[PDB]
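*Asks:* A single structure is presented below for examination.
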Amino acid sequence: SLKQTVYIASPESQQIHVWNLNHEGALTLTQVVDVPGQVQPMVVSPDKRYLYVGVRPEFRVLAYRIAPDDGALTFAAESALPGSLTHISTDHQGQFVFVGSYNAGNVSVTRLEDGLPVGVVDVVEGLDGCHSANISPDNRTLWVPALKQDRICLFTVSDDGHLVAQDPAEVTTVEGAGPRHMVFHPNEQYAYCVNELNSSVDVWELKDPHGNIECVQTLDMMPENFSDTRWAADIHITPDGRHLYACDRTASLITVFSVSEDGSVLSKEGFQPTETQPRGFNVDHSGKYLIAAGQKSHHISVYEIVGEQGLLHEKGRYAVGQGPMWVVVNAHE
């Protein structure tokens, strides 16, 4: 039967909370990890053997072995990075770990040898405010949002992990939009990017009728009457590709979007008040539950995704560490 583990990063208290998620959406605390640093971004390896996380003030990628039974974590390795690890991810084969650094303004590739990080293979500078690195469905193109430059850079990922700027070298957003995080639709035809500075979501078609990457839709994710400081953060889509969510740190809301059948058109369904100042959240592998953290509430809330509209229904509230801001869910048989 399906078993899932929810991981929460709380940098301020340097902790990682490990929860078991049952079919009713209830969580039970499995473990509290004391990380030797302020842990922020996290990602599970494709083979699910490891959890890679980034820490500061000593910039490093930390690899934790994931117990296949209860998902418990144990330190396995560490590898130094040139700058702050704002975002972290891997390619589909689990051969490389990609790291976007906001402060250093770059993206780097770290070689993974049998799941463990052994150093930086390549780095691309000049990407002011790089906020994430996301490999495409075919595992060949890395989409790298540069928040300060209002663009998403595109690089071909060679076999030995080197990044080669494609042409076009990138796609552009609205002036002052601030592209931050993004995800791809399960059908591999579209990508959705959340823009931090103007709290909007862009729908990107990977290859339109003319063979180009085009932004085919742009929506304001905020309530129509909202007119405060826009501070968008995270974005996620359910496994079935029917529901897409995004959060804003100022309004402390999760915007619910419904997705058209082909995935090209988004529709704003409603908003869910959530944990104070939500920087990170995620959905489970069944597409039935949504877990959101409050950077200023030091708690996470679990919601059930209901019906076609996919609106959220609060089920529980749990205490975590200080300043939680990242959530990931690992599923195992």
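Ligands are numbered from 1 in the order shown, residues from 1 within each chain, and chains are lettered A, B, ... in the order they appear in the structure tokens.
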Name the residues of stretch 116-304 of chain A that come out as strand (DSSP E) in a backbone DSSP run; write them as a PDB file with N, CA and C atoms, in the first residue's frame.

*Replies:*
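Output (states-v5.pdb):
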```
ATOM      1  N   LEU A 116      26.065  10.213  -4.437  1.00  0.00           N
ATOM      2  CA  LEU A 116      26.751  11.167  -3.563  1.00  0.00           C
ATOM      3  C   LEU A 116      27.472  12.278  -4.321  1.00  0.00           C
ATOM      4  N   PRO A 117      27.338  13.530  -3.850  1.00  0.00           N
ATOM      5  CA  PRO A 117      27.973  14.693  -4.482  1.00  0.00           C
ATOM      6  C   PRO A 117      29.490  14.670  -4.336  1.00  0.00           C
ATOM      7  N   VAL A 118      30.193  14.851  -5.450  1.00  0.00           N
ATOM      8  CA  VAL A 118      31.650  14.836  -5.431  1.00  0.00           C
ATOM      9  C   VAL A 118      32.300  16.105  -5.986  1.00  0.00           C
ATOM     10  N   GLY A 119      31.534  17.190  -6.090  1.00  0.00           N
ATOM     11  CA  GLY A 119      32.108  18.427  -6.591  1.00  0.00           C
ATOM     12  C   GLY A 119      31.407  19.076  -7.769  1.00  0.00           C
ATOM     13  N   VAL A 120      31.760  20.334  -8.018  1.00  0.00           N
ATOM     14  CA  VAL A 120      31.183  21.118  -9.104  1.00  0.00           C
ATOM     15  C   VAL A 120      31.845  20.822 -10.442  1.00  0.00           C
ATOM     16  N   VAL A 121      31.015  20.545 -11.442  1.00  0.00           N
ATOM     17  CA  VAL A 121      31.477  20.224 -12.783  1.00  0.00           C
ATOM     18  C   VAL A 121      31.499  21.454 -13.682  1.00  0.00           C
ATOM     19  N   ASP A 122      30.534  22.347 -13.489  1.00  0.00           N
ATOM     20  CA  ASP A 122      30.454  23.540 -14.317  1.00  0.00           C
ATOM     21  C   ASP A 122      29.592  24.604 -13.644  1.00  0.00           C
ATOM     22  N   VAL A 123      29.820  25.862 -14.010  1.00  0.00           N
ATOM     23  CA  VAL A 123      29.074  26.976 -13.443  1.00  0.00           C
ATOM     24  C   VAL A 123      28.866  28.059 -14.493  1.00  0.00           C
ATOM     25  N   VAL A 124      27.698  28.690 -14.467  1.00  0.00           N
ATOM     26  CA  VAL A 124      27.399  29.773 -15.395  1.00  0.00           C
ATOM     27  C   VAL A 124      27.115  31.030 -14.575  1.00  0.00           C
ATOM     28  N   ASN A 134      15.628  24.095 -13.403  1.00  0.00           N
ATOM     29  CA  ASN A 134      14.650  23.044 -13.652  1.00  0.00           C
ATOM     30  C   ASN A 134      14.886  22.324 -14.980  1.00  0.00           C
ATOM     31  N   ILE A 135      15.250  21.045 -14.913  1.00  0.00           N
ATOM     32  CA  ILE A 135      15.513  20.256 -16.121  1.00  0.00           C
ATOM     33  C   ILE A 135      14.197  19.933 -16.833  1.00  0.00           C
ATOM     34  N   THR A 141      17.243  20.084 -21.542  1.00  0.00           N
ATOM     35  CA  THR A 141      17.268  21.536 -21.408  1.00  0.00           C
ATOM     36  C   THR A 141      16.993  21.995 -19.982  1.00  0.00           C
ATOM     37  N   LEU A 142      17.894  22.810 -19.445  1.00  0.00           N
ATOM     38  CA  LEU A 142      17.737  23.327 -18.093  1.00  0.00           C
ATOM     39  C   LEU A 142      17.131  24.727 -18.167  1.00  0.00           C
ATOM     40  N   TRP A 143      15.989  24.908 -17.506  1.00  0.00           N
ATOM     41  CA  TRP A 143      15.298  26.200 -17.462  1.00  0.00           C
ATOM     42  C   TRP A 143      15.760  26.881 -16.185  1.00  0.00           C
ATOM     43  N   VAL A 144      16.414  28.027 -16.342  1.00  0.00           N
ATOM     44  CA  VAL A 144      16.972  28.764 -15.223  1.00  0.00           C
ATOM     45  C   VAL A 144      16.460  30.197 -15.069  1.00  0.00           C
ATOM     46  N   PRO A 145      15.445  30.395 -14.217  1.00  0.00           N
ATOM     47  CA  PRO A 145      14.867  31.722 -13.970  1.00  0.00           C
ATOM     48  C   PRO A 145      15.865  32.659 -13.267  1.00  0.00           C
ATOM     49  N   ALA A 146      16.071  33.842 -13.845  1.00  0.00           N
ATOM     50  CA  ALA A 146      16.968  34.856 -13.291  1.00  0.00           C
ATOM     51  C   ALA A 146      16.049  35.983 -12.851  1.00  0.00           C
ATOM     52  N   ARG A 151      14.003  37.067 -16.940  1.00  0.00           N
ATOM     53  CA  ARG A 151      14.185  36.095 -18.000  1.00  0.00           C
ATOM     54  C   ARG A 151      14.444  34.727 -17.399  1.00  0.00           C
ATOM     55  N   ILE A 152      14.249  33.715 -18.230  1.00  0.00           N
ATOM     56  CA  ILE A 152      14.485  32.335 -17.872  1.00  0.00           C
ATOM     57  C   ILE A 152      15.499  31.899 -18.914  1.00  0.00           C
ATOM     58  N   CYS A 153      16.707  31.599 -18.459  1.00  0.00           N
ATOM     59  CA  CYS A 153      17.763  31.182 -19.360  1.00  0.00           C
ATOM     60  C   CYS A 153      17.615  29.708 -19.683  1.00  0.00           C
ATOM     61  N   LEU A 154      18.004  29.342 -20.899  1.00  0.00           N
ATOM     62  CA  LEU A 154      17.896  27.964 -21.362  1.00  0.00           C
ATOM     63  C   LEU A 154      19.269  27.411 -21.713  1.00  0.00           C
ATOM     64  N   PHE A 155      19.619  26.278 -21.114  1.00  0.00           N
ATOM     65  CA  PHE A 155      20.904  25.656 -21.371  1.00  0.00           C
ATOM     66  C   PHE A 155      20.741  24.195 -21.751  1.00  0.00           C
ATOM     67  N   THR A 156      21.595  23.736 -22.652  1.00  0.00           N
ATOM     68  CA  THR A 156      21.587  22.344 -23.042  1.00  0.00           C
ATOM     69  C   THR A 156      22.519  21.708 -22.018  1.00  0.00           C
ATOM     70  N   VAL A 157      22.094  20.587 -21.449  1.00  0.00           N
ATOM     71  CA  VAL A 157      22.899  19.879 -20.463  1.00  0.00           C
ATOM     72  C   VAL A 157      23.626  18.750 -21.174  1.00  0.00           C
ATOM     73  N   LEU A 163      26.950  23.000 -19.110  1.00  0.00           N
ATOM     74  CA  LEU A 163      25.811  23.784 -19.574  1.00  0.00           C
ATOM     75  C   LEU A 163      26.201  24.642 -20.767  1.00  0.00           C
ATOM     76  N   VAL A 164      25.453  24.505 -21.856  1.00  0.00           N
ATOM     77  CA  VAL A 164      25.715  25.276 -23.065  1.00  0.00           C
ATOM     78  C   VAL A 164      24.490  26.106 -23.437  1.00  0.00           C
ATOM     79  N   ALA A 165      24.638  27.425 -23.406  1.00  0.00           N
ATOM     80  CA  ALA A 165      23.540  28.323 -23.740  1.00  0.00           C
ATOM     81  C   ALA A 165      22.948  27.985 -25.103  1.00  0.00           C
ATOM     82  N   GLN A 166      21.630  27.808 -25.153  1.00  0.00           N
ATOM     83  CA  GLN A 166      20.959  27.492 -26.411  1.00  0.00           C
ATOM     84  C   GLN A 166      20.643  28.800 -27.111  1.00  0.00           C
ATOM     85  N   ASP A 167      19.897  28.701 -28.205  1.00  0.00           N
ATOM     86  CA  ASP A 167      19.480  29.883 -28.936  1.00  0.00           C
ATOM     87  C   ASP A 167      18.051  29.690 -29.418  1.00  0.00           C
ATOM     88  N   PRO A 168      17.137  30.571 -28.984  1.00  0.00           N
ATOM     89  CA  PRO A 168      17.418  31.699 -28.089  1.00  0.00           C
ATOM     90  C   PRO A 168      18.071  31.275 -26.772  1.00  0.00           C
ATOM     91  N   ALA A 169      18.841  32.185 -26.181  1.00  0.00           N
ATOM     92  CA  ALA A 169      19.533  31.913 -24.927  1.00  0.00           C
ATOM     93  C   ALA A 169      18.570  31.985 -23.751  1.00  0.00           C
ATOM     94  N   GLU A 170      17.384  32.528 -24.001  1.00  0.00           N
ATOM     95  CA  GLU A 170      16.381  32.646 -22.959  1.00  0.00           C
ATOM     96  C   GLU A 170      15.072  33.213 -23.470  1.00  0.00           C
ATOM     97  N   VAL A 171      14.083  33.248 -22.581  1.00  0.00           N
ATOM     98  CA  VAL A 171      12.772  33.810 -22.875  1.00  0.00           C
ATOM     99  C   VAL A 171      12.589  34.920 -21.845  1.00  0.00           C
ATOM    100  N   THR A 172      11.783  35.922 -22.181  1.00  0.00           N
ATOM    101  CA  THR A 172      11.590  37.064 -21.295  1.00  0.00           C
ATOM    102  C   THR A 172      10.206  37.201 -20.665  1.00  0.00           C
ATOM    103  N   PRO A 179      10.772  36.319 -12.328  1.00  0.00           N
ATOM    104  CA  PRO A 179      10.542  34.870 -12.424  1.00  0.00           C
ATOM    105  C   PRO A 179      11.288  34.156 -11.293  1.00  0.00           C
ATOM    106  N   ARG A 180      10.566  33.333 -10.531  1.00  0.00           N
ATOM    107  CA  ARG A 180      11.135  32.642  -9.371  1.00  0.00           C
ATOM    108  C   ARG A 180      11.181  31.111  -9.468  1.00  0.00           C
ATOM    109  N   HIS A 181      10.019  30.477  -9.326  1.00  0.00           N
ATOM    110  CA  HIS A 181       9.909  29.021  -9.392  1.00  0.00           C
ATOM    111  C   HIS A 181       9.020  28.582 -10.544  1.00  0.00           C
ATOM    112  N   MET A 182       9.149  27.320 -10.940  1.00  0.00           N
ATOM    113  CA  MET A 182       8.351  26.793 -12.040  1.00  0.00           C
ATOM    114  C   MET A 182       8.223  25.273 -12.017  1.00  0.00           C
ATOM    115  N   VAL A 183       7.228  24.763 -12.739  1.00  0.00           N
ATOM    116  CA  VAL A 183       7.009  23.323 -12.841  1.00  0.00           C
ATOM    117  C   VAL A 183       6.508  23.012 -14.244  1.00  0.00           C
ATOM    118  N   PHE A 184       6.655  21.760 -14.660  1.00  0.00           N
ATOM    119  CA  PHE A 184       6.191  21.339 -15.974  1.00  0.00           C
ATOM    120  C   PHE A 184       4.922  20.510 -15.830  1.00  0.00           C
ATOM    121  N   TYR A 190       3.741  21.903 -21.493  1.00  0.00           N
ATOM    122  CA  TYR A 190       3.767  23.245 -20.937  1.00  0.00           C
ATOM    123  C   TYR A 190       4.534  23.352 -19.629  1.00  0.00           C
ATOM    124  N   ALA A 191       4.877  24.585 -19.273  1.00  0.00           N
ATOM    125  CA  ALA A 191       5.567  24.874 -18.029  1.00  0.00           C
ATOM    126  C   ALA A 191       4.855  26.080 -17.435  1.00  0.00           C
ATOM    127  N   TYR A 192       4.853  26.163 -16.107  1.00  0.00           N
ATOM    128  CA  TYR A 192       4.209  27.267 -15.409  1.00  0.00           C
ATOM    129  C   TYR A 192       5.219  27.882 -14.466  1.00  0.00           C
ATOM    130  N   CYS A 193       5.404  29.188 -14.593  1.00  0.00           N
ATOM    131  CA  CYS A 193       6.359  29.907 -13.775  1.00  0.00           C
ATOM    132  C   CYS A 193       5.660  30.958 -12.930  1.00  0.00           C
ATOM    133  N   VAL A 194       6.034  31.040 -11.657  1.00  0.00           N
ATOM    134  CA  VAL A 194       5.446  32.035 -10.775  1.00  0.00           C
ATOM    135  C   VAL A 194       6.439  33.182 -10.674  1.00  0.00           C
ATOM    136  N   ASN A 195       5.937  34.396 -10.852  1.00  0.00           N
ATOM    137  CA  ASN A 195       6.775  35.581 -10.800  1.00  0.00           C
ATOM    138  C   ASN A 195       6.599  36.263  -9.446  1.00  0.00           C
ATOM    139  N   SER A 200       2.383  36.899 -10.432  1.00  0.00           N
ATOM    140  CA  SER A 200       1.670  36.416 -11.606  1.00  0.00           C
ATOM    141  C   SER A 200       2.228  35.056 -11.978  1.00  0.00           C
ATOM    142  N   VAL A 201       1.483  34.323 -12.795  1.00  0.00           N
ATOM    143  CA  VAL A 201       1.912  33.014 -13.254  1.00  0.00           C
ATOM    144  C   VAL A 201       1.897  33.049 -14.782  1.00  0.00           C
ATOM    145  N   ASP A 202       2.990  32.612 -15.396  1.00  0.00           N
ATOM    146  CA  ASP A 202       3.080  32.572 -16.850  1.00  0.00           C
ATOM    147  C   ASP A 202       2.969  31.130 -17.331  1.00  0.00           C
ATOM    148  N   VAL A 203       2.212  30.930 -18.406  1.00  0.00           N
ATOM    149  CA  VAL A 203       2.055  29.611 -19.005  1.00  0.00           C
ATOM    150  C   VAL A 203       2.984  29.587 -20.213  1.00  0.00           C
ATOM    151  N   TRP A 204       3.976  28.703 -20.180  1.00  0.00           N
ATOM    152  CA  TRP A 204       4.938  28.584 -21.270  1.00  0.00           C
ATOM    153  C   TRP A 204       4.718  27.319 -22.095  1.00  0.00           C
ATOM    154  N   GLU A 205       4.521  27.483 -23.404  1.00  0.00           N
ATOM    155  CA  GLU A 205       4.341  26.345 -24.304  1.00  0.00           C
ATOM    156  C   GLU A 205       5.749  25.977 -24.788  1.00  0.00           C
ATOM    157  N   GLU A 214       6.917  29.716 -26.307  1.00  0.00           N
ATOM    158  CA  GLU A 214       6.110  30.928 -26.229  1.00  0.00           C
ATOM    159  C   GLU A 214       5.328  31.046 -24.933  1.00  0.00           C
ATOM    160  N   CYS A 215       5.160  32.272 -24.448  1.00  0.00           N
ATOM    161  CA  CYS A 215       4.354  32.487 -23.252  1.00  0.00           C
ATOM    162  C   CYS A 215       2.963  32.709 -23.830  1.00  0.00           C
ATOM    163  N   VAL A 216       2.080  31.736 -23.648  1.00  0.00           N
ATOM    164  CA  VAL A 216       0.737  31.825 -24.202  1.00  0.00           C
ATOM    165  C   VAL A 216      -0.329  32.393 -23.266  1.00  0.00           C
ATOM    166  N   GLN A 217      -0.023  32.500 -21.977  1.00  0.00           N
ATOM    167  CA  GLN A 217      -0.985  33.052 -21.024  1.00  0.00           C
ATOM    168  C   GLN A 217      -0.293  33.598 -19.779  1.00  0.00           C
ATOM    169  N   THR A 218      -0.867  34.663 -19.230  1.00  0.00           N
ATOM    170  CA  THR A 218      -0.346  35.296 -18.032  1.00  0.00           C
ATOM    171  C   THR A 218      -1.515  35.671 -17.133  1.00  0.00           C
ATOM    172  N   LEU A 219      -1.507  35.195 -15.894  1.00  0.00           N
ATOM    173  CA  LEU A 219      -2.597  35.522 -14.985  1.00  0.00           C
ATOM    174  C   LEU A 219      -2.130  36.126 -13.672  1.00  0.00           C
ATOM    175  N   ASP A 220      -2.916  37.061 -13.149  1.00  0.00           N
ATOM    176  CA  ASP A 220      -2.610  37.680 -11.863  1.00  0.00           C
ATOM    177  C   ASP A 220      -3.086  36.616 -10.872  1.00  0.00           C
ATOM    178  N   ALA A 232       5.126  36.834  -4.370  1.00  0.00           N
ATOM    179  CA  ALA A 232       4.864  35.434  -4.701  1.00  0.00           C
ATOM    180  C   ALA A 232       6.061  34.541  -4.406  1.00  0.00           C
ATOM    181  N   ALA A 233       5.786  33.275  -4.119  1.00  0.00           N
ATOM    182  CA  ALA A 233       6.858  32.360  -3.777  1.00  0.00           C
ATOM    183  C   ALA A 233       6.918  31.009  -4.485  1.00  0.00           C
ATOM    184  N   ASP A 234       6.077  30.073  -4.056  1.00  0.00           N
ATOM    185  CA  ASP A 234       6.112  28.720  -4.605  1.00  0.00           C
ATOM    186  C   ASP A 234       4.969  28.364  -5.554  1.00  0.00           C
ATOM    187  N   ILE A 235       5.188  27.317  -6.344  1.00  0.00           N
ATOM    188  CA  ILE A 235       4.187  26.853  -7.288  1.00  0.00           C
ATOM    189  C   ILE A 235       4.311  25.340  -7.484  1.00  0.00           C
ATOM    190  N   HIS A 236       3.169  24.670  -7.580  1.00  0.00           N
ATOM    191  CA  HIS A 236       3.137  23.226  -7.770  1.00  0.00           C
ATOM    192  C   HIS A 236       1.881  22.797  -8.506  1.00  0.00           C
ATOM    193  N   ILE A 237       1.978  21.669  -9.201  1.00  0.00           N
ATOM    194  CA  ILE A 237       0.846  21.125  -9.928  1.00  0.00           C
ATOM    195  C   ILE A 237       0.656  19.695  -9.437  1.00  0.00           C
ATOM    196  N   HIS A 243      -4.845  20.447 -11.300  1.00  0.00           N
ATOM    197  CA  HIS A 243      -4.829  21.564 -10.359  1.00  0.00           C
ATOM    198  C   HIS A 243      -3.439  22.163 -10.196  1.00  0.00           C
ATOM    199  N   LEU A 244      -3.367  23.488 -10.205  1.00  0.00           N
ATOM    200  CA  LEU A 244      -2.098  24.186 -10.045  1.00  0.00           C
ATOM    201  C   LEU A 244      -2.242  25.199  -8.919  1.00  0.00           C
ATOM    202  N   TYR A 245      -1.264  25.233  -8.016  1.00  0.00           N
ATOM    203  CA  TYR A 245      -1.310  26.156  -6.884  1.00  0.00           C
ATOM    204  C   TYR A 245      -0.075  27.052  -6.793  1.00  0.00           C
ATOM    205  N   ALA A 246      -0.256  28.246  -6.235  1.00  0.00           N
ATOM    206  CA  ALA A 246       0.833  29.203  -6.056  1.00  0.00           C
ATOM    207  C   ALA A 246       0.557  29.957  -4.755  1.00  0.00           C
ATOM    208  N   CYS A 247       1.603  30.399  -4.068  1.00  0.00           N
ATOM    209  CA  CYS A 247       1.396  31.120  -2.817  1.00  0.00           C
ATOM    210  C   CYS A 247       2.044  32.493  -2.803  1.00  0.00           C
ATOM    211  N   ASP A 248       1.493  33.388  -1.985  1.00  0.00           N
ATOM    212  CA  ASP A 248       2.041  34.734  -1.848  1.00  0.00           C
ATOM    213  C   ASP A 248       2.302  35.027  -0.384  1.00  0.00           C
ATOM    214  N   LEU A 253      -1.714  33.620   1.238  1.00  0.00           N
ATOM    215  CA  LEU A 253      -2.760  32.868   0.554  1.00  0.00           C
ATOM    216  C   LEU A 253      -2.190  31.881  -0.448  1.00  0.00           C
ATOM    217  N   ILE A 254      -2.988  30.861  -0.739  1.00  0.00           N
ATOM    218  CA  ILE A 254      -2.639  29.866  -1.730  1.00  0.00           C
ATOM    219  C   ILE A 254      -3.697  30.087  -2.798  1.00  0.00           C
ATOM    220  N   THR A 255      -3.265  30.421  -4.006  1.00  0.00           N
ATOM    221  CA  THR A 255      -4.208  30.629  -5.088  1.00  0.00           C
ATOM    222  C   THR A 255      -4.444  29.293  -5.773  1.00  0.00           C
ATOM    223  N   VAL A 256      -5.713  28.961  -5.977  1.00  0.00           N
ATOM    224  CA  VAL A 256      -6.095  27.709  -6.621  1.00  0.00           C
ATOM    225  C   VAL A 256      -6.405  27.961  -8.092  1.00  0.00           C
ATOM    226  N   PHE A 257      -5.768  27.191  -8.968  1.00  0.00           N
ATOM    227  CA  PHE A 257      -5.993  27.307 -10.401  1.00  0.00           C
ATOM    228  C   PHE A 257      -6.465  25.963 -10.932  1.00  0.00           C
ATOM    229  N   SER A 258      -7.374  25.984 -11.904  1.00  0.00           N
ATOM    230  CA  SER A 258      -7.819  24.745 -12.535  1.00  0.00           C
ATOM    231  C   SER A 258      -7.049  24.773 -13.858  1.00  0.00           C
ATOM    232  N   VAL A 259      -6.725  23.604 -14.406  1.00  0.00           N
ATOM    233  CA  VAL A 259      -5.967  23.517 -15.658  1.00  0.00           C
ATOM    234  C   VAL A 259      -6.799  22.874 -16.766  1.00  0.00           C
ATOM    235  N   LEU A 266      -5.093  28.250 -17.897  1.00  0.00           N
ATOM    236  CA  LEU A 266      -5.321  28.260 -16.460  1.00  0.00           C
ATOM    237  C   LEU A 266      -6.549  29.099 -16.131  1.00  0.00           C
ATOM    238  N   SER A 267      -7.221  28.746 -15.041  1.00  0.00           N
ATOM    239  CA  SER A 267      -8.396  29.477 -14.580  1.00  0.00           C
ATOM    240  C   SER A 267      -8.337  29.615 -13.064  1.00  0.00           C
ATOM    241  N   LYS A 268      -8.446  30.849 -12.580  1.00  0.00           N
ATOM    242  CA  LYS A 268      -8.415  31.126 -11.149  1.00  0.00           C
ATOM    243  C   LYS A 268      -9.728  30.685 -10.515  1.00  0.00           C
ATOM    244  N   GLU A 269      -9.651  29.728  -9.597  1.00  0.00           N
ATOM    245  CA  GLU A 269     -10.840  29.199  -8.936  1.00  0.00           C
ATOM    246  C   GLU A 269     -11.142  29.834  -7.586  1.00  0.00           C
ATOM    247  N   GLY A 270     -10.099  30.149  -6.830  1.00  0.00           N
ATOM    248  CA  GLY A 270     -10.303  30.742  -5.523  1.00  0.00           C
ATOM    249  C   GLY A 270      -9.011  30.891  -4.749  1.00  0.00           C
ATOM    250  N   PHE A 271      -9.126  31.321  -3.498  1.00  0.00           N
ATOM    251  CA  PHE A 271      -7.953  31.526  -2.663  1.00  0.00           C
ATOM    252  C   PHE A 271      -8.142  30.907  -1.288  1.00  0.00           C
ATOM    253  N   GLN A 272      -7.060  30.366  -0.747  1.00  0.00           N
ATOM    254  CA  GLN A 272      -7.106  29.735   0.559  1.00  0.00           C
ATOM    255  C   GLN A 272      -6.191  30.413   1.571  1.00  0.00           C
ATOM    256  N   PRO A 273      -6.769  31.007   2.625  1.00  0.00           N
ATOM    257  CA  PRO A 273      -5.918  31.655   3.631  1.00  0.00           C
ATOM    258  C   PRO A 273      -5.071  30.537   4.242  1.00  0.00           C
ATOM    259  N   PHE A 281       5.523  25.123   0.051  1.00  0.00           N
ATOM    260  CA  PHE A 281       4.443  24.162   0.245  1.00  0.00           C
ATOM    261  C   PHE A 281       4.630  23.087  -0.815  1.00  0.00           C
ATOM    262  N   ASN A 282       3.776  22.073  -0.802  1.00  0.00           N
ATOM    263  CA  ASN A 282       3.842  21.030  -1.817  1.00  0.00           C
ATOM    264  C   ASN A 282       2.575  20.198  -1.734  1.00  0.00           C
ATOM    265  N   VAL A 283       2.395  19.293  -2.687  1.00  0.00           N
ATOM    266  CA  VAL A 283       1.224  18.428  -2.702  1.00  0.00           C
ATOM    267  C   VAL A 283       1.748  16.999  -2.655  1.00  0.00           C
ATOM    268  N   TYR A 289      -3.757  15.803  -1.120  1.00  0.00           N
ATOM    269  CA  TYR A 289      -3.404  16.664   0.001  1.00  0.00           C
ATOM    270  C   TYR A 289      -2.366  17.736  -0.328  1.00  0.00           C
ATOM    271  N   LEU A 290      -2.511  18.890   0.314  1.00  0.00           N
ATOM    272  CA  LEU A 290      -1.594  20.007   0.128  1.00  0.00           C
ATOM    273  C   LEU A 290      -1.060  20.431   1.500  1.00  0.00           C
ATOM    274  N   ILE A 291       0.264  20.473   1.639  1.00  0.00           N
ATOM    275  CA  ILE A 291       0.902  20.859   2.895  1.00  0.00           C
ATOM    276  C   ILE A 291       1.649  22.180   2.717  1.00  0.00           C
ATOM    277  N   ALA A 292       1.281  23.184   3.509  1.00  0.00           N
ATOM    278  CA  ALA A 292       1.910  24.499   3.403  1.00  0.00           C
ATOM    279  C   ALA A 292       2.558  24.963   4.704  1.00  0.00           C
ATOM    280  N   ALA A 293       3.745  25.553   4.595  1.00  0.00           N
ATOM    281  CA  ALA A 293       4.472  26.039   5.762  1.00  0.00           C
ATOM    282  C   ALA A 293       4.379  27.554   5.921  1.00  0.00           C
ATOM    283  N   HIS A 299       4.574  26.742  11.658  1.00  0.00           N
ATOM    284  CA  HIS A 299       3.630  25.635  11.618  1.00  0.00           C
ATOM    285  C   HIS A 299       3.351  25.276  10.171  1.00  0.00           C
ATOM    286  N   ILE A 300       2.816  24.080   9.959  1.00  0.00           N
ATOM    287  CA  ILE A 300       2.434  23.638   8.629  1.00  0.00           C
ATOM    288  C   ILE A 300       0.984  23.208   8.762  1.00  0.00           C
ATOM    289  N   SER A 301       0.212  23.411   7.704  1.00  0.00           N
ATOM    290  CA  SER A 301      -1.184  23.003   7.697  1.00  0.00           C
ATOM    291  C   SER A 301      -1.375  22.056   6.528  1.00  0.00           C
ATOM    292  N   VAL A 302      -2.230  21.061   6.725  1.00  0.00           N
ATOM    293  CA  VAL A 302      -2.521  20.088   5.691  1.00  0.00           C
ATOM    294  C   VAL A 302      -3.947  20.321   5.213  1.00  0.00           C
ATOM    295  N   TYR A 303      -4.124  20.347   3.896  1.00  0.00           N
ATOM    296  CA  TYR A 303      -5.442  20.562   3.303  1.00  0.00           C
ATOM    297  C   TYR A 303      -5.769  19.440   2.338  1.00  0.00           C
ATOM    298  N   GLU A 304      -7.054  19.148   2.195  1.00  0.00           N
ATOM    299  CA  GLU A 304      -7.485  18.135   1.249  1.00  0.00           C
ATOM    300  C   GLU A 304      -7.925  18.873  -0.014  1.00  0.00           C
TER     301      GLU A 304
END
```

*Asks:* Contacts of residue A:106 at 9 Å or less, counting only C-alpha atoms, minus same-chain residues fewer than 5 places along, as a list in words?

*Replies:*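 The residues satisfying every condition are residues 83, 99, 100, 101, 123, 124, 125, 126, 127, 128, 129, 130, 131 and 146 of chain A.
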
*Asks:* Within 9 Å of residue A:52, counting only C-alpha atoms, which residues qualify if same-chain residues fewer than 4 places away don't, as a count of residues only?

*Replies:* 13

*Asks:* Of the candidates A:77, A:239, A:24, A:199, which shows the shortest atom-to-atom distance to residue A:227, using only C-alpha atoms?

*Replies:*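 Closest residue, counting only C-alpha atoms: A:199.
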
*Asks:* Have a look at A:110, A:212, A:30, A:274 and name the one nearest to residue A:249; count only C-alpha atoms.

*Replies:*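 Using only C-alpha atoms, the shortest distance to residue A:249 belongs to A:274.
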
*Asks:* Set the distance at 12 Å and use only C-alpha atoms: which residues neighbour residue A:242 once local chain neighbours fewer than 6 positions away are removed? I'd like the list as number ranges by chain.

*Replies:* A: 185-187, 236, 256-267, 287-288, 305-311

*Asks:* Write a file of the selected residues as a tab-separated table (two decimals), in the first residue's frame, keeping C-alpha atoms.

*Replies:*
```
chain	number	residue	atom	x	y	z
A	185	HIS	CA	2.84	19.78	-16.85
A	186	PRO	CA	2.77	15.97	-16.75
A	187	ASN	CA	2.02	15.99	-20.49
A	236	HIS	CA	3.14	23.23	-7.77
A	256	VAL	CA	-6.09	27.71	-6.62
A	257	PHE	CA	-5.99	27.31	-10.40
A	258	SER	CA	-7.82	24.75	-12.54
A	259	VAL	CA	-5.97	23.52	-15.66
A	260	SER	CA	-7.54	22.90	-19.07
A	261	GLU	CA	-7.48	19.35	-20.46
A	262	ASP	CA	-4.55	20.04	-22.78
A	263	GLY	CA	-2.86	22.09	-20.08
A	264	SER	CA	-2.68	25.33	-22.07
A	265	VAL	CA	-5.22	27.41	-20.16
A	266	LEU	CA	-5.32	28.26	-16.46
A	267	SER	CA	-8.40	29.48	-14.58
A	287	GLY	CA	-2.92	14.72	-5.60
A	288	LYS	CA	-5.32	14.74	-2.66
A	305	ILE	CA	-7.85	18.97	-2.45
A	306	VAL	CA	-11.59	18.68	-3.13
A	307	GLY	CA	-13.62	18.14	-6.30
A	308	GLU	CA	-13.11	19.51	-9.81
A	309	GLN	CA	-12.31	23.04	-8.67
A	310	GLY	CA	-9.68	21.57	-6.38
A	311	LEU	CA	-10.42	24.00	-3.56
```
